[PDB]
Amino acid sequence: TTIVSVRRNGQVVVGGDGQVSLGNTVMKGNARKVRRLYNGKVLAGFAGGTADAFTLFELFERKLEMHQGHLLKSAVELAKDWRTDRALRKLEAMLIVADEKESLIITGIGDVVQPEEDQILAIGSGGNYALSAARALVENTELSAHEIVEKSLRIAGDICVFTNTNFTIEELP
Amino acid sequence: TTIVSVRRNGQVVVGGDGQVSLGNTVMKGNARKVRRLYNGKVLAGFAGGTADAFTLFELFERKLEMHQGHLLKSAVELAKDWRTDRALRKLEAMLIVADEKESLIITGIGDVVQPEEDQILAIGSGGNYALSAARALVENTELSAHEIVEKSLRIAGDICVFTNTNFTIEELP
Amino acid sequence: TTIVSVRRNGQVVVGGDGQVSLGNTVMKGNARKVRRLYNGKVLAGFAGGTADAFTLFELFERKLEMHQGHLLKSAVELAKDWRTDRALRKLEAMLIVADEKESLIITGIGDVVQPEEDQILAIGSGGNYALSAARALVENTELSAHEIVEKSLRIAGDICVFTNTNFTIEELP
Amino acid sequence: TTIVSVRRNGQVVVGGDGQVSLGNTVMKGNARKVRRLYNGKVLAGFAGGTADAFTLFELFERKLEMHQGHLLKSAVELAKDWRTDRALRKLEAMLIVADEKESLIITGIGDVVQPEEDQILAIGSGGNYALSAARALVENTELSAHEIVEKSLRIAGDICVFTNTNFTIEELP
Amino acid sequence: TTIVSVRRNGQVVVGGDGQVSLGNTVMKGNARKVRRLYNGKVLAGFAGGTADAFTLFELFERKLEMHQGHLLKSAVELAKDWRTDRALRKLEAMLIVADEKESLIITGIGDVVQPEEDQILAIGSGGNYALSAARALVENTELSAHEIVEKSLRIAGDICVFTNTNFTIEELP
Amino acid sequence: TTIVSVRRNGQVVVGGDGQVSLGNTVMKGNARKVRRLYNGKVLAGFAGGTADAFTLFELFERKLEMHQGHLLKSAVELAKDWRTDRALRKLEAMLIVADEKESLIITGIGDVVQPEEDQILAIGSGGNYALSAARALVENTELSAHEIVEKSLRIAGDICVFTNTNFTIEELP
Amino acid sequence: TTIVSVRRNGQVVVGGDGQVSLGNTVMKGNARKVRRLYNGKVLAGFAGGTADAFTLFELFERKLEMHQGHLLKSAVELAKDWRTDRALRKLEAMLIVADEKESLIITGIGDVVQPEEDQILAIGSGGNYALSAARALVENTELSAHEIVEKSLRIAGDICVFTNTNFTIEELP
Amino acid sequence: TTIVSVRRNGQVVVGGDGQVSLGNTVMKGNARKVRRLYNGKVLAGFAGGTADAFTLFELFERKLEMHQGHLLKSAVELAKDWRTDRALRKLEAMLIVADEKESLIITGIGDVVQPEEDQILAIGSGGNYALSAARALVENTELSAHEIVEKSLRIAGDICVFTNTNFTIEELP
Amino acid sequence: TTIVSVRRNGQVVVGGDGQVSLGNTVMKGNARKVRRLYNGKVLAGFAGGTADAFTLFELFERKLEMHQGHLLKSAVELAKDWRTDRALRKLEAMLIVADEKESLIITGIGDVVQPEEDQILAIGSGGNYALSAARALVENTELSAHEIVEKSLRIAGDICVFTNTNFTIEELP
Amino acid sequence: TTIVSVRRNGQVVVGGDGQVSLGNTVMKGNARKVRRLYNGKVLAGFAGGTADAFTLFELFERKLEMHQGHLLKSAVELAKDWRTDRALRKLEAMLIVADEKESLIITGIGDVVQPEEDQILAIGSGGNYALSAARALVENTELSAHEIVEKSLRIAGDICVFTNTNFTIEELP
Amino acid sequence: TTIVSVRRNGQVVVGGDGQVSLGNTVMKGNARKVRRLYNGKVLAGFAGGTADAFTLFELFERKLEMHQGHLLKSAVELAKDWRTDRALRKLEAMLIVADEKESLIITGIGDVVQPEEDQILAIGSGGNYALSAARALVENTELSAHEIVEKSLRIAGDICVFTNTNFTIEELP
Ligand code: NA
Ligand code: NA
Ligand code: NA
Ligand code: NA
Ligand code: NA
Ligand code: NA
Ligand code: NA
Ligand code: NA
Ligand code: NA
Ligand code: NA
Ligand code: NA
């Protein structure tokens, strides 16, 4: 799987591939791994099971609601529940969330993580390939966030055997 | 084991082989791996032990009962429990469930998988062989869902040493 | 890797994908895994390294040359050498060879395998997926050997993470 | 694989299944693993590659020729060459040979082996299942050697996942 | 280690980082992993032991001398010896070689890999990060082969813990 | 990771690098591995998973609250729970804690370690490089605890591939 | 670690080294591994973690308190608990306890070991080296228990890489 | 083992510990691992067997003689022989050599290695501990090369269980 | 350890060696592994820890008391408690008990076991060596039970490295 | 397998059972594991593969022919070749040889073992049971070498699951 | 095995036990592991197989013969051959050699080890136990080299389960 997010010129984009694998074979090629949350104001991508994601996103939504849409505070609270609840600790998904203010990665083992000056984030087995391509593109071209995410996902999909080239890409605003 | 499901022209079929193996030998060759649940309105196939299957199908029916028969919602709820409950986590299996509206694969690893547009799902050691055959038949013939399931199970049985050719096939309506 | 061969109505076809993988990443996606040998009269496909393939195909041509172009005899002779020569024993690969008379799988483990009556052979990690599809197509359609090979390779490519969809297909005559 | 031989009432029979496996999948279901050698006077079954068998049987034929058809002496000489020649030691096949006088098993690691009062011999992963059935049949029924071999192969094929039910059976005289 | 090679508009460049690690520690940071061979007409880089690579570089030159300096033929011949020689099989490394005509990866597992149409090759633990960045830059900028190699090496170095940012870059002509 | 603590002339400092690695790649470079606990009266640093460490930091505060803020007693109590609790035994980490009176390493293997007379403690993959540099500086210079921690962390970072040079340094008072 | 005890002419001594190791490096070189318990009337040495030791010695004192200071009875009772309690079973250590009447080794594997007639006991990775030296000294010199313990610990320290030469030695009376 | 070399203010020093270990025990504590070669003009330290060292040093001496005392050229030739001769490849020692001009590390697998601006080199299991201490000392004190080597060896000996504190130190001039 | 029991001519004897081992070394050479229970009327030998034995024998005594000295009934009840109590299941000792009526082996995993016509029983790593010698002696000599046990223990001690020749032998009456 | 040899009062006997097992099943029960070599002047028995043993028996005869029939010298020479030859090192077996003068065990691990004063040797999985019984009988009865071998083999057969009770016993003269 | 050598007041002694073990059982208890070489002027003890010992001692004598009886030179020469010769590299053993001038340990890993100033050397599984005892006796008694060797071997034999108490001791002059 490869999920990558790029923020450039007032726009933030989260995009992911569509491959669901079991061992060395493909169970599904058109999975949608990026969704819109909080009435469309938050983009969320996930590497992991759909049931794990449903659980984590519903919980994140509850947090956003109680924290007046504050992404970082909601994310910190989510990570706290994630590592403290015995049921939630069983969830191994990895998440990327982004709103008009900031982008973050959240995982059960690593808590919350913010980007570097780059404003590029990536997760999944193919994450570092998309990251390498995105950094090259951000630093050497004037491409929009959307173009960079699409191009980076393609490059990662052509290298990682667990990432395909059927993408779901969401952009804000 | 091979369980395969195809939905075509208003009919959905779930079929499976009958081989139960211990190591490299056959303990039983006429196991029934597909059953009808929820007053006969839901087809369910499983790759795993019979006692494990009983536990999981009983719980799935309880979900169906409390979630107004909605398959996807019940499947996700079952997956969350399976993924997090200490007892259920010990159950190693894969399930395929289908009703008049849709078909799903339920796993114990936090995933619920929907089919590609061809509406074909398969699980078990020989699942990908039946899947390959079913996709070829759906995309290149006008055979019925039932006929495709029967032919795909046979092709899988002749290839996978853990799948035999004694089938149990259920159809809805 | 996936190599598949089908013989139908006087035509024999051998086709393969183009993916070369190292671990879980792609080193090359346009490898040509099928070549014509013996003055264009023999089709050969291989699952293994390119240098290994060169050595084995060169030896197979020498066998063809000294055994009056008889495919089965040359194949058995190649297999005996491959099975017993210290240098050749180090070569890990599977080969499919076909001429106007017959098709064979040659292995380095002392076996030469002839097809079932459907005249279909397949090797490689995704071989059984193409085999399943090819058998379904041969037994249920009137598609040409070429069309079956193309469709089977595609089905295998969409399932096996080590097989892609960039094909090389050779036909005889 | 299962090869079994039974001698009863002046008749000797050698029969084998037809499954060729690679890992947990079937490469071929109609292999003929029993052949007639020495102008029909010797029945020979083998568990192993066809190239290994071709090699071993050609060598055995040469021995029979020089030993005036004496099975035991030819077998002893074959086993000697088998464990002394570095090329032959690479051959892992297992053989059963029978003529009108005696039946024998020959392997590269175990040399020559003669039956017990039973006059039943079996080799292959399913060998002991056929042996168990054959002993039960010889000791408790008046069935002919041919009937016992056919029935025993079936019983072994239904238990061993590497043995199928497509048999080749040869009888003397 | 990260070695990356790019060929663009008549210029062929091979670059590598300079980190040598023992276990999870840095032993040296200024290693020269790219060398000029064959009277300065060939560029070669390596991932793996220095002694091992030097041994292979010498043998490759001998192959070039033997085969009229033809890169592909010499690479296949080196790959064959590497695959079978008792001592060379003990050598752990991957190589990239390039001349004015072509570029290749040589492995010790029977493979000689040509690049895709982008004409880029990369090897080493950080190889795929440099590969991702290089493909992004070749496909979306007009940067020179040299610039792309330096930028891709830097991107790989900021991701792979075994790749640093002290490069040796060689070009032809 | 490298965490090092030095106590010299009334000043107690705990510093750590900021690299978080996934496999052999850098996931983040600005992690905060040293935190102020117990109303800012305790400094704590960790080597291992972030979620794991956060869970242990919370439990340590509860021990401090329970045992009147006595560091050693609270550390021994945390070590005992860590050693026996089903869930805590799954937590992989090593901790350094320090207050105005003493400094300690807490492990999950039943050990609470006090420093030697030099009053230095270090943990993490690069811990012993920082320990070596710190002892050299404490024994041969008049540098402050803060300066020694920064210099030792830098020396560790230039040697350990999992330790970078972006530090978080905390001091008491 | 090396702990050794010798009883001679009305004196019993327990001594140990000070090395605490993690893998192949030293975390602490001045650990005190021998303490006085039960109002100073019992000597106790341990090979294991300090927190584990605290738990076990605290329990041993409770046993002493309820069993009228009888060492053997208290030791057996401690061993039964250590062997069967879920929490205690997680504690990996070896203990030596001695009073004015006798000396014992207590283990977590259901054993309490009394010394041979020479009244010498030793535990730890270097225990058998101190044991060898102590037996030689007791059987061939008139040295005091204290002198023998000191010399034996030194001999063990010079041989075992996990035992150092910084001793803690306690004597009774 | 720990061998470290420091060059400062016109002086070069090579020093080593004296521990020879077999598994986790010490076979010898006073080994001399630093010798003077080339009539005293070259200092040479080694981590490895004495017979390996005798072999390598005699060969190095021959080289120095033929190269008019040129250290780098002699070292390069030594490394070439080392990786090309089947007998020499069996030698696993690691060497450090230093004369009035330069210092170098030489190993059978890494060929020749020159220092960084530091002019500090170290080898052996304890090498990086001495290196860390030496770098701290060179950068923050005015200590002579001899004092730094003595102090660094001590620090490494107190951390590494395979390095002791019985040193042999040689200085030029 | 070796414990053996022989009953002959109205006498029953239980004898054991005295070696207590930890890994490949001896912790004690004069252990008494055979005791008299039930006021001398029952002989009991044990292979295992002394604390485990103390526990099991005290429990057995309680049983004998309530079952009016009936050995088999007491043994059956002991084995029942042993496999049903979570604390007792942790005890891995093996026992042999004998009174004037019968001899039995009792273990936590095998419950109760009675001898064959032999009236010889043995347990411990050296058990089968003593058993082999005892059977030879019972069947071919007129030696008393005591002589046979002494001789058999010696033979086992000379073969098994975990059994020594310092025996404790008890006889009834 | 169990092979045992006894020399008593001028008679030298070597006996063995006849079971050949494949995995945990009996393949044959009448194997001949003791043979007469060197013009019937030497008795030899083997534990291990039949082909392997036959190869070693032939080579041993060649050593006898080379060294004037001296058993010890020939055994040491066979042991040396067995220990170093590429092909012989692959042979898994243990041998017992005996002539009118002496008896020896030959291994492939550089050992040639002479018996103790009882003049008994035994090898194979059941070797030590036969050894125990044989020593008991030699030391406590006046039975002949032949009788002791038969009785010891039977005792071993009733204990070792890989040893049966169909013996081949050879004697000299 | 335990071999120990002590040199005191003009006498040098080498002594060893007699146990030869296979796994956890004794194959022989009276092996002679110490022999006199070079016209009785050299004492040699070995831990390893008897055939391996013969090969190595024969070669050592050839070295002695061509190097004018110089022990150290001959030992180093033997070690170089042992370390590099394909045949000798297969010999797993440790040797102790001693003459009227000095004592040495020779290994197959390129090392020749001289004793500490106490002139004591020991090899074998129980070597460090005899070493500990010998050092205690040499430093604290006036016992002769012979007496120390005898007492140290006994102490080692009572501790190491692979060393027995049947000694062979040789003295020079
Ligand atoms: Na992909
Ligand atoms: Na099947
Ligand atoms: Na694919
Ligand atoms: Na079957
Ligand atoms: Na890096
Ligand atoms: Na670093
Ligand atoms: Na030590
Ligand atoms: Na040390
Ligand atoms: Na013993
Ligand atoms: Na048996
Ligand atoms: Na012993």
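For this deposition, the record names X-ray crystallography as the technique by which the model was determined and cites 1.90 Å as its resolution.

1. Quick look at the relation of the copies chain B and chain A
Mapping chain B onto chain A calls for a screw motion: a turn of 60° about the axis and a shift of 3.3 Å along it, with 0.5 Å RMSD after fitting. The overlap is low: 6% of the interface residues of chain B also sit at the interface in chain A, so different surfaces are used on the two sides.

2. Some details on the interface of chain A and chain C
Counting residues at the interface gives 11 residues for chain A, matched by 11 residues for chain C. A buried area of about 810 Å², summed over both sides, lies between chain A and chain C, and 63% of it is on carbon and sulfur atoms. Three residues, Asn24(A), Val26(A) and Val161(A), lead the burial of chain A against chain C; their summed loss comes to 55% of the area buried on that side. Between the two partners, chain A and chain C, sit four residue pairs in polar contact. Listing elements by their share of the side of chain A that touches chain C, those giving two or more residues are β4 (25–28) and α4 (145–159) of chain A.

3. A closer look at the coordination of the sodium ion (ligand 6)
Residues and elements named next belong to chain F. Protein-derived ligands of the sodium ion (ligand 6) are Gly157 (O), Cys160 (O) and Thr163 (O), with the metal-ligand distances lying across 2.2 to 2.4 Å. Of note, the donors binding the sodium ion (ligand 6) are all from one chain and are spaced G-x2-C-x2-T. For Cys160, a relative accessible area of 3% puts it in the buried group. Among the residues examined, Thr163 registers a relative accessible area of 3% and is labelled buried.

4. A few points about the UniProt feature "active site" in chain A
The UniProt feature table records "active site" at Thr1(A). For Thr1(A), a relative accessible area of 16% puts it in the buried group.

5. Focus on the UniProt feature "binding site: Na(+)" in chain A
Residues and elements named next belong to chain A. The positions that UniProt labels "binding site: Na(+)" are, in the present scheme, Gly157, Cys160 and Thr163. Mapping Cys160 onto the fold places it in the loop between α4 and β11 (168–172). Its location among the elements puts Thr163 in the loop between α4 and β11. In this structure the side chain of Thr163 is engaged in a polar contact, spanning 2.8 Å, whose partner is the side chain of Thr2.

6. Regarding the coordination of the sodium ion (ligand 5)
Residues and elements named next belong to chain E. In this structure, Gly157 (O), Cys160 (O) and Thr163 (O) serve as the protein donors to the sodium ion (ligand 5), at separations of 2.2 to 2.4 Å. Read in sequence order, the donor residues coordinating the sodium ion (ligand 5) give the pattern G-x2-C-x2-T. As far as the burial class goes, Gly157 and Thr163 line up, both buried.

The rules we used
Numbers attached to residues count from 1 within each chain as its sequence is written and can disagree with those in the entry; no residue without coordinates is shown. Chain letters and ligand numbers both follow the written order, the letters beginning at A and the numbers at 1. Here we see some chains out of a larger assembly; the values all refer to those chains and nothing more. Water and hydrogen atoms play no part in the side-chain values, which are based on all heavy atoms of the structure. Residues with missing side-chain atoms are left out of burial classes, side-chain pairs and their counts. We superpose the copies by least squares, fitting on C-alpha atoms. Whether two residues are in contact is decided by their heavy atoms, any of which lying within 4.5 Å being enough. The buried area of a pairing is the accessible area, by a 1.4 Å probe, that goes missing from both parts when the two are put together, added over both. We call two N or O atoms a polar contact when they sit within 3.5 Å, provided that within protein one can donate a hydrogen and the other can accept it, with sequence-adjacent residues counted only if both atoms are side-chain atoms. Secondary structure follows DSSP: runs of H or I at least 4 residues long count as helices, runs of E at least 2 residues long count as strands, and numbering of each begins at the N terminus. Because no water is among the atoms considered, metal sites can look incomplete, with donors defined as N, O and S atoms within 2.8 Å of the metal, or 3.2 Å for Na, K and Ca. For every residue, the accessible area obtained with a 1.4 Å probe (protein chains only) is divided by the maximum for its type, and the residue is called buried under 20%, exposed over 50%, and partly exposed between those limits. UniProt positions are given in the numbering used here, feature names are shortened, and annotations may be inferred rather than shown by experiment.

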